[PDB]
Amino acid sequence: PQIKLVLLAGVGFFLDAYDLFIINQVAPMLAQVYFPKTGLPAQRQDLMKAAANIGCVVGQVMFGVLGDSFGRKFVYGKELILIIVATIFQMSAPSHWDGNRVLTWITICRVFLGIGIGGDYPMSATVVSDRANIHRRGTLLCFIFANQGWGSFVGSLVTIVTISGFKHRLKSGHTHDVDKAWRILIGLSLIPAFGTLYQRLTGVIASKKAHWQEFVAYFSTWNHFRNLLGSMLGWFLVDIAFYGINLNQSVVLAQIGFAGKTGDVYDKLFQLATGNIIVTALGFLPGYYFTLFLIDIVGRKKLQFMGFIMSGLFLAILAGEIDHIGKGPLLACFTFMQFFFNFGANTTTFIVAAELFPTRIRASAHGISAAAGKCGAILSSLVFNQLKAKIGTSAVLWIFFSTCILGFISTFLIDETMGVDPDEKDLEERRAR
């Protein structure tokens, strides 16, 4: 039936999300091995974490040209082997290498990993926004998207299971085995990746200039232009805070009480992994499901308004209190923030970009919005740990706060898409003039 295809798109998101966010769990292990006394150098850590998102935009433009030039049959398999191969190179950095060289190895691998993650990313959204043509398209897009939560959660679960498996060996003095742990964290993605590879198998300028002419004509009208403006702005603005925080969740949990001077190597990695699992289990993950049950009841806009403005509050509390109040209150607010990312702006920007636009131009408008998002992701990703050193963590969280208020403001540019057919509205718009 139609069901099996949406699951396959789901496992595509799951694998993309796992590979993206697992770097947050891998980085503190790389620190313990290759930079035990100092931290990972700020610029190198930022480059390593932005790498996958940088490749992600290169992927969907490149796999876009090839997919348009020679059709969908050209791309469907090749994107997945690229992330499999990129996973294996990343997994197998020479252990006898110098720390900066190991880091540079992983960043480059993660760019190519990103290029593949850039493959199926918008194509899993289109297949069911085109297919459904029903009020329950939002509940469907949201169900596919929720696999981003499971990607981050399973990575955290994999991490505590892995560390607690190495418990006795680390306690008995074999401290280099954390170099084997971080390879297992990346490597375990290969199990669904190979599973899915097998399941997936078992006048060009004249046309482009004609589509460009329709696109420009469409988005040169205000009530049509602002919907593209608001779609680009909302996705751009939320990804600054969202990927800034989530690619560095282990870093924030370290000003909060979860990193300390007490305890040994196991005690360190294990409470830090304990902090990560709490946040994603209690906040990051359930937010997707609160959205799932309410988008086709409350509407998309009311959920972004709430999402931006609620995550703003907890960012302001973090920014104001992080250096001044105890662990507990901060851990709660940080979890509340994560909850209202996914019960809110992060989930709705994705749906709104897929739902706003009539099909005759939907491909570009969704692509331009997704590209705008990745731009916001790479700014914070490229600079988060550098700013944290130049201006401090509280000052960065004040920046994230401001982007949430701008997101709230920009959401007024959008039409509510709950229950609307964008092709019909385009249709009456035209029969009306």
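Note that residue numbering follows the sequence shown and begins at 1.
Of the two stretches 246 to 254 and 225 to 233, which shows the higher Cα B-factor on average in the entry?
Comparing 246 to 254 with 225 to 233, the higher average CA B-factor belongs to 225 to 233.
Test of understanding: from the entry's C-alpha B-factors, which stretch has the higher mean, 93 to 101 or 67 to 75?
Between 67 to 75 and 93 to 101, it is 67 to 75 that shows the higher mean C-alpha B-factor.
Name the residue from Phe145, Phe308, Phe357, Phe343 with the greatest C-alpha temperature factor listed in the entry.
When the deposited C-alpha B-factors of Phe145, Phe308, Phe357, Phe343 are compared, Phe357 is largest.
Whose CA atom has the top B-factor in the entry, of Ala273, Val238, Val265, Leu285?
Spelled out: the listed residue with the top C-alpha B-factor is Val265.
Determine, from the deposited record, the chain-internal third of the Cα B-factor for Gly114: lowest, middle or highest.
For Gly114, the deposited C-alpha B-factor lands in the middle third.
Would you please rank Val420 by its C-alpha temperature factor against the other modelled residues of its chain and give the third it falls in: lowest, middle or highest?
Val420: CA B-factor falls in the highest third of its chain.
Ranking the modelled residues of this chain by C-alpha B-factor as given in the entry, is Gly187 in the lowest, middle or highest third?
According to the entry, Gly187 has a C-alpha B-factor in the chain's middle third.
Using the temperature factors of the C-alpha atoms in this entry, rank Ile134 within its chain: lowest, middle or highest third.
According to the entry, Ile134 has a C-alpha B-factor in the chain's highest third.
By the record's CA B-factor, is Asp323 among the lowest, middle or highest third of residues in the chain?
Its C-alpha B-factor belongs to the middle third of this chain's values.
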